[PDB]
Amino acid sequence: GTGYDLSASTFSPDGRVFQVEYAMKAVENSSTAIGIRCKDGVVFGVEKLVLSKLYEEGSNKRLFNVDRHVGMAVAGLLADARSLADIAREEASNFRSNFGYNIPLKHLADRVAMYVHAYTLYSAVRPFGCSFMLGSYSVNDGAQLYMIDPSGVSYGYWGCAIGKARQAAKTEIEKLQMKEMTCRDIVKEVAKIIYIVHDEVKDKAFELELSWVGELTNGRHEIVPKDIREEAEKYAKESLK
Amino acid sequence: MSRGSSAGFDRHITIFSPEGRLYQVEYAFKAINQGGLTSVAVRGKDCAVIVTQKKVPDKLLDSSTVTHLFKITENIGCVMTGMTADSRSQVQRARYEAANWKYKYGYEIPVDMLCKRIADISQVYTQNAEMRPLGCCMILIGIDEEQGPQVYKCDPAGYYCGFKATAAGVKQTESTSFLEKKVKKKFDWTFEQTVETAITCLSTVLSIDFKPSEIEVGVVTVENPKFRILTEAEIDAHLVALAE
Amino acid sequence: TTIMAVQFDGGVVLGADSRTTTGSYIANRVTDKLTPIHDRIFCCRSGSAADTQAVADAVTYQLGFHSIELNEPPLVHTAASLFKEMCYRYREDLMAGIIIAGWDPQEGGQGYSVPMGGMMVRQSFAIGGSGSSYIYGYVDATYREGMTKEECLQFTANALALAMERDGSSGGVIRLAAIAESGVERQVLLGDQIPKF
Amino acid sequence: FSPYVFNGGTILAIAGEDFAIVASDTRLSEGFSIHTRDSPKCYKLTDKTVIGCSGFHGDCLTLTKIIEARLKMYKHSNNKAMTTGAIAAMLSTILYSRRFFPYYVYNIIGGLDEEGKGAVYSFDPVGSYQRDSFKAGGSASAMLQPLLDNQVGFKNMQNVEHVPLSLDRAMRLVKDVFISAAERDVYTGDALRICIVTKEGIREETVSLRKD
Amino acid sequence: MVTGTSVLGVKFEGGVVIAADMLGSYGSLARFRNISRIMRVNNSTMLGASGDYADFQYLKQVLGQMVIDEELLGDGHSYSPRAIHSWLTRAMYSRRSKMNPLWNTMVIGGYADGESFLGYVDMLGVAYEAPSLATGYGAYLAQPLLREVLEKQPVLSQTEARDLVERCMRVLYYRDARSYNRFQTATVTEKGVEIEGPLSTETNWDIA
Amino acid sequence: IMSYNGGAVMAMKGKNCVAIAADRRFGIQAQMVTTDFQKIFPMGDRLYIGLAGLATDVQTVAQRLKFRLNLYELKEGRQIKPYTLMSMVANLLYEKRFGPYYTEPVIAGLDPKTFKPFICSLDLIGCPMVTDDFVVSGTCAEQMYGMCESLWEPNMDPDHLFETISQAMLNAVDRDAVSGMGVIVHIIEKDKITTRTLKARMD
Amino acid sequence: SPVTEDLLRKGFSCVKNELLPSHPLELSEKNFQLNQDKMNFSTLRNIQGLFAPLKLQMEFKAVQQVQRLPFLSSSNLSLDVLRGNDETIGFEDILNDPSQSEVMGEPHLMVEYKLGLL
Amino acid sequence: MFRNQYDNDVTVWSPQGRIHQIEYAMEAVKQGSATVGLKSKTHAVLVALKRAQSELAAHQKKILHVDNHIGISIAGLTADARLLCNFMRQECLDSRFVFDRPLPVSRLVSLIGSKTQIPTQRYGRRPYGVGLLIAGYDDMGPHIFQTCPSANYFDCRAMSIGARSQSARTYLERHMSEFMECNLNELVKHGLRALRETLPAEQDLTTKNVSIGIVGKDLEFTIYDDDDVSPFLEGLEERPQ
């Protein structure tokens, strides 16, 4: 329906909003990222497309932190990703500033989803093009995972994948037993997934970034120590025949 | 806004048609069916049962955070249908309005005032040349101490009404016809009769078998005004008792 | 205007006195100096008679909104934080000493104090009011630990009745109310039911 | 409530021929007690300009922290360094910016002019600069100044010639005057911190003074 | 109008020690008897304050929020105690200039880069560092002993510093109107921040 | 504060006749600067107003009221009923309740349709009240109720009404330093307005 | 506290007493709608999230700029049901109604001041 | 040619999904002069190049000043360069006034990116056109952070964003081994040799077209110009070939 796809405040004869769907499609042409929750924790992983060797480790990262016990794995346009990370940081900061303790994951996810929806309602600002994951952990509630689509979706997923290589990742993740596992083998599973779905004719350099929060770290978000990452890297590399 | 209003007879909200019809709001009406759902709310004489439909796209998605039955006040519900990204905002707006009214007048709101406030704040979006009429179907539920249970429906245009039975979704026409046929036969009802009627209407409209865990039910009764959601056990028991 | 709270295992008790006045003349003989915010948390009052009402209304508004937003029962610490943030920000013309208490599903039984000035802190027993300075010794010397509902009610009745007679601001009926794990029950002590001393 | 309190101090400045000297005692005292005994009151601004700020020690810090920032702004903008002839006017403007809420300070500026020449300015709490040659001032003033008036610029003396001030004489005079004036005043004493400045940089100096 | 007593402190060979009384006075009555007055803002800086208590709560919340945000960001950098002292000084001065003063008086101590820091942040915009310090009414009684011992010996060890603080608590409890038997203490040595308490003070009234 | 100048006004309701009278004097405390200073304003035709108090606010309130009355008369078409001006002045005075004016107006007139006499009064900040027999307000308020209460009588013809309003003022206002030296009498019968000027002690 | 860094157009207003409030019900009456809106925005931002105040205030801005020119009375039919004062008649419209303004400025001057060009 | 209707503004998404204005600005930033950004263990040299309006006129300024421990370069539009360096200077001054420590680069660059992210969303505004090469050592070794027309900053070790520079990138990548242990003179020689590749054939580096600027351990950021740059530009071998 070309002709009405020029402003957010303009419908289509069929009924769809075309700018929103364009933003939906615009997140596909990026890298890939997955995230799984075990019995007592979560874990993520991103295929960081490393450019020429002029850069180094600690470059533009996609595993930000939002609080002492939450973190994201955003995969899309980086400027909007940083803006959203700052907004979520401010939200959690305000909640802890006056309500005590720390924000539950569901409330923060809902607030961020509503904020990212607020832009697609006006003819003054473009919608955000980016996917968004907000896995975290608790002490009594358990381990929770959420994904936020660019427009309004804020569903809760057991484990999903966002980015270009997404359909194959979903199909391969479908064949797991991620309801009675621990945080010492889901990491290896994630590594083998990210190496079983990775194109090589258009991608040349890879650098896996992993992070988990759970009972092994008693509720704290941080990058995996280099030893475990190297062991998972070796296992995944040797698993491909 | 430095982008202007697109020229055309149906490309913006503030331009009238040559015959005098708002085409943008008609597109908004057509937009509800895009998502694809069906919701039926029937009021008897002492109950206000609401039934809806739940669809899981896949297996990984959790089954506890996909509900389309929110709570507005302590004893008012909603069966929001359409695009989720706009119902998720209208629900918050209605909650804020209800809290403000309770603070300013000190008692629980009759359903009519909440419906009117939502309709007005939705209509105000259809005059300024900066807005988009967010597409939803604001169906209310609740009981009143002066007139009994009441069921109200609102539309993106802003035209609200009072219905003794309502169907909203992609199968509105045949469901409304079936409810019209059924209502004219008998007048008295009860909780079990209303629940069975709603389930039968949904099944005969969708023309499919209902799994024990596919439909959620929220009700309010005279004895228990508090808005409660039927658990899996009660829904399964009613479904297996149906047609037996 | 004597207000006090005591915490026991599984719940708390709460008493008050109904002799709101306007100086040397009695304004109202019997009142309800005990506001039921939400359904478990209870909030007494002291100081003036209008700023406290406004603060209570604002707290009811915000706490009800929060509870219905999270779809969970409220936590008393949230109410204490809200009272603190409301009172301290306006520490120029809001002379209203407040005491709140209630029960929650997690770590049930809480007694919080928030005197004039916006300071907030928790203590086992809270006492506040103009005529609430003559029973400090008695409550310190009598309050042991490990008491159930009945003796706690008796102790509160005795302790409040002691100041009920040695002051001009206090006098009249007594408004004991105990919040527990299950629900809220209220009773009034009038006439000879009030212990002598 | 009263947004003012005294903290003592003393500032003396000798502007010779090709040398400026700024010295000050070091003791933060309020009410009747003593807070510390180091509390330097002679801060450097550039390679050839030193500022001495007496008075209440709640604005003596704010003005010091603002002057350096404005100096950095000027250096970045005009691509130069402020001379001692402009800092006077700039500080006077800042001081007068709050004429209805005056700063409780008594500032003294010493430094070198465009050519090798002594120059010491002097302000007032409201803010009004005036060039001088040997001006002192501060809390324990009105005692430091008359002796300098007797010595530096020969006044009420007859049949005596005029000799320019030599560098060896300046420190010998300043130490003597501070030693003489420390006894009879209450707020002075403790350590004396000297900031003689010449056309090669800033060399510093510290001596004992009525040990307390 | 809850009020504190004294938040005195002395420097130390690799570390700082701060002591305070767990008391709250409602003018003259002793309304509260278990409140704390020592903070653990980060892994290398501690805090203590006197005067009003609500303002102490407010600055506690604000400063804890700032430090937790800085740590959460993540750059391998923290807040050295000098920066925190400067921030408190600026906040107090700005509040003073607006005719809304915070009736408070604080002590900031820490040990970073192999050196000790200790400062005074009086509400009128007063700031400095010293080998020893006292707050409130302790500026007349607590200071002289510490000053004398420090002038006799400029460097100490842990045992004599702890005993000196103990003696100062003894005399202050003897001869102050607002005081309590129990008191808190916390060292800031390079291992970390270790809050200790409550303590006790054995007295002797044999000259009665 | 109603002593920096002077003034006194009455109003009596007779038999289809209303009478309003004032006192002409304007002076700065003890001094006197003029003898002619109108305090009766012809709002409408068979209606009148009787501002009395501090003059510098009397002029301003009269101007504003005349402006608003012209606006309402022009917009709404026909004349103004006497009861409407009562609420008019009440609103105008309460406009500045916190910064109060200094006026105690008296309104007296006839209904253009019914010809039923009407008299009202006002306080400093606006508090409507209507008295059937008479009303009075001014600086010398105390020394007129006694003179008026006994001398009054119901159902009075215009001549007796004029005599009573003359006798209740001429020898009742001289018992005071300020607010003297001249009396204006306005009698408003059914068909024609009539104005008279009395003579009093020149002191 | 500003220096000069036409007096007939704006004159006869001493600097003495604008930095000296009048009867204490001055800052609570000159600025009332702004304060109420600020309080509501702060409450919503604290309890509901950062989206609501931004959205509502930018809606206010969008609806504000469609009224008539400043030198004529504004009906303000809209923005009222959205504000929430749809039926809250009070001491804002019956006392000194702006339609019957006692003093009125020049059209070009008022519109150019509303644009903020001056 | 299906792009005329989707590039006139910045708040519209193409059917493929990409903001065309961002790509156009990234192409625009390539108008200017090369600027190498080498770094070492103790010092971070920043060598640039200068054009010439005419033989009679004087050259432009390519190495500005920010503070005692940080100095930025410039490449692209010279209009927004000053408008952005003003914000640079103001933030650094505020951080020095409120606290009492130099503002670390890692927060300054994030703030600059956050500021530059705003114009790419609201209507009626255009993205900036700078190519900053912010350099400076504060507390944990010198850093070299790059900035793009889009608010997407990179960490780096050595790069030459600006004019024709791909050959400069190749040379800088070939010898990217010795830059970890060398003195100031060797690092400056390497920087000048890398820059010489950008300059066309049969052209040498004169005294009036280099703006070597050095910040390191115990020396504040100083800019060198005119005959003062001669001692660094002495050896340089004799010719690229």
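Calculation criteria
Residues numbered from 1 in each chain as written, not as in the entry; some residues may be left out. Chains lettered and ligands numbered in written order. Part of a larger assembly, values for the part shown. Heavy atoms only, no water. Residues with missing side-chain atoms left out of burial classes, pairs and counts. Helix = DSSP H or I, 4+ residues; strand = E, 2+ residues; numbered from the N terminus. Rg over C-alpha atoms; globule rule 2.2 N^0.38 Å. Buried < 20%, exposed > 50% of the residue type's maximum accessible area, 1.4 Å probe, protein only. Contact = heavy atoms within 4.5 Å. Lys, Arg positive; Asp, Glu negative; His and termini not counted. Charge placed at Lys NZ, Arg CZ, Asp CG, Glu CD. Pairing = 2+ DSSP bridges. Axes fitted to C-alpha atoms, helices over the stretch in contact; angles between N-to-C directions. Parallel < 35°, antiparallel > 145°, perpendicular 65-115°, else oblique. Left-handed = near helix turned anticlockwise from the far one by under 90°. Nonpolar A, V, L, I, M, F, W, Y, C, P; charged D, E, K, R; others polar. UniProt positions renumbered as here; feature names shortened; annotations may be inferred. Core = buried A, V, L, I, M, F, W, Y, C linked by side-chain atoms within 4.5 Å. Expected span 1.5 Å × (residues − 1). Polar contact = N/O pair within 3.5 Å; in protein donor to acceptor, adjacent residues only side chain to side chain. Patch = residues over 30% accessible without salt bridge, like charges linked within 9 Å, V, L, I, M, F, W, Y side chains within 5 Å. Areas by Shrake-Rupley, 256 points an atom, 1.4 Å probe, with all protein chains shown as cover. Salt bridge = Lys/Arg side-chain N within 4 Å of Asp/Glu carboxyl O.

*Asks:* Would you mind going over the overall build of chain D with me for this structure?
*Replies:* Helix and strand content of chain D: 4 helices and 13 strands. Since a compact globule built from 212 residues should have a radius of gyration of about 17 Å, the 17 Å found for chain D is in line with a globular shape. A burial count over chain D gives 49% of its 212 residues as buried. Put simply, of all contacts in chain D between residues at least 6 apart along the chain, 60% involve residues at least 24 apart. Taking the average place of the 25 positive charges on the side chains of chain D and the average place of its 24 negative ones, the gap between the two points comes to 3 Å.

*Asks:* Please clarify how the pairing of strand β8 (residues 115-120) of chain E should be interpreted in this entry.
*Replies:* Consecutive side chains along a regular strand alternate between the two faces of the sheet. All names here are of chain E. The buried count for β8 comes to 5 of 6 residues, which makes it a mostly enclosed element. As judged from the 6 bridges shared by strand β7 (residues 104-112) and β8, these two strands associate in the antiparallel manner. Residue pairing for β8: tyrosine 111 is matched across the bridge by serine 116. Following β7, the chain reverses through 2 residues before pairing antiparallel with β8; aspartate 113 in that reversal takes a positive phi of roughly 55 degrees. Pairing of β8 with strand β9 (residues 128-129) involves 2 bridges; the strand directions are antiparallel. Within β9, the residue paired with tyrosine 120 across the bridge is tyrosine 128.

*Asks:* What am I meant to see in the packing of helix α2 (residues 84-105) of chain B against helix α3 (residues 111-123) of chain B here?
*Replies:* For any two helices packed against each other, one specifies the inter-axial angle together with the distance between the axes. Residues and elements named next belong to chain B. Packing of α2 against α3 brings their axes to within 10 Å, and their N-to-C directions diverge by 125 degrees. As the angle between them shows, α2 and α3 are arranged oblique. At the point where α2 passes α3, the crossing takes the right-handed sense. Between α2 and α3, the residues in contact are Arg93, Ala94, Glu97 and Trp101 and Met113, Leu114, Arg117, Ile118 and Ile121, respectively. Per-class residue counts for the contact of α2 with α3 are 6 nonpolar, no polar and 3 charged.

*Asks:* Before we go on, may I ask you to explain the UniProt feature "active site" in chain C in this structure?
*Replies:* According to UniProt, the feature "active site" maps to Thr1(C) in the numbering used here. Looking at where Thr1(C) falls in the secondary structure, it is placed in the segment before β1 (3-8).

*Asks:* I tried to follow the nonpolar core on my own but got confused; where do I start?
*Replies:* Soluble globular proteins tend to bury their nonpolar side chains together. With 40 residues, the main nonpolar core has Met72(A) and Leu134(A) as its most contacted residues. When residues of this core are traced back to their parent elements, those giving at least two are α2 (78-99) and α3 (105-118) of chain A, α2 of chain B, α1 (51-70) of chain C together with α1 (33-47) and α2 (51-64) of chain G. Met119(C), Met39(E), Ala49(E) and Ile84(E) belong to the second-largest nonpolar core, a separate cluster that totals 26 residues.

*Asks:* Teacher, can you tell me more about the interface of chain H and chain A here?
*Replies:* Note on interface size: it is often stated as the accessible area lost on association of the parts. The interface is formed by 28 residues belonging to chain H together with 29 residues belonging to chain A. When contributions to the side of chain H that touches chain A are tallied by element, the ones reaching two or more residues are β5 (154-156) and α4 (166-174) of chain H. Looking at which element gives the most residues to the side of chain H that touches chain A, the answer is β5(H), with 3 residues. Taken together, the residues that form the side of chain H that touches chain A break down as 13 nonpolar, 10 polar and 5 charged.

*Asks:* Which parts of the structure should I look at to understand the sheet that holds strand β3 (residues 42-43) of chain C?
*Replies:* Pairing between the strands of a sheet comes from backbone hydrogen bonds, and it takes one of two forms, parallel or antiparallel. Reading across from one edge, β3-β4-β5-β6 (chain C) is the order of the 4 strands in this open sheet, with antiparallel pairing throughout. This sheet does not close on itself; its edge strands, each paired only once, are β3 and β6 (121-122) of chain C.

*Asks:* When you look at the pairing of strand β8 (residues 177-180) of chain C in this model, what are you seeing that I'm missing?
*Replies:* All names here are of chain C. Bridge count between strand β2 (residues 11-15) and β8: 4 bridges; the pairing is antiparallel. Residue pairing in the sheet places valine 13 in a bridge with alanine 178 of β8. As paired strands, β8 and strand β9 (residues 184-186) are joined by 3 bridges and run antiparallel to one another. Bridged to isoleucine 179 within β9 is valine 184. Between the end of β8 and the start of β9, which pair antiparallel, lie 3 residues.

*Asks:* Looking at this model, I keep getting lost on helix α2 (residues 81-97) of chain E. Mind explaining?
*Replies:* Because the α-helix completes a turn every 3.6 residues, residues three or four places apart line up on one side. Residues and elements named next belong to chain E. The end-to-end C-alpha separation of α2 is 24 Å, in line with the 24 Å expected for 17 residues at 1.5 Å each. Burial of α2 is extensive: 12 of the 17 residues sit out of reach of the surface. The first or second residue beyond α2 is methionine 99, which carries a positive phi of 60 degrees.

*Asks:* Help me out: how do you make sense of the side chain of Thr32(A) in this one?
*Replies:* All names here are of chain A. Along the chain, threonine 32 turns up in strand β1 (residues 32-38). Take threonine 32: its relative accessible area is 6%, and that puts it in the buried class. For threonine 32, the side chain forms a polar contact with the main-chain oxygen of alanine 165, separated by 2.9 Å.

*Asks:* Before we go on, may I ask you to explain a nonpolar patch on the surface in this structure?
*Replies:* A cluster of nonpolar side chains, contributed by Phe1(D), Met99(E) and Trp103(E), occupies part of the molecular surface with about 360 Å² of accessible area. Mapped onto the elements, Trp103(E) comes out in the loop between α2 and β7.

*Asks:* I keep staring at the pattern of salt bridges and nothing clicks. Help me out?
*Replies:* Proximity of charged atoms lets side chains of opposite charge pair with each other. Counting across every chain of the model gives 44 salt bridges over all chains. Among the salt bridges present, the one from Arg68(F) reaches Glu102(G), with a minimum N-O distance of 2.8 Å. Here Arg68(F) is found in helix α1 (residues 55-76), whereas its partner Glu102(G) is found in the loop between α3 (80-83) and α4 (107-114) on a different chain. Judged by relative accessible area, which is 36%, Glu102(G) ranks as partly exposed. Within the structure, one salt-bridge network assembled from shared partners comprises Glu90(A), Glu91(A), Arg111(A) and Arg45(G).

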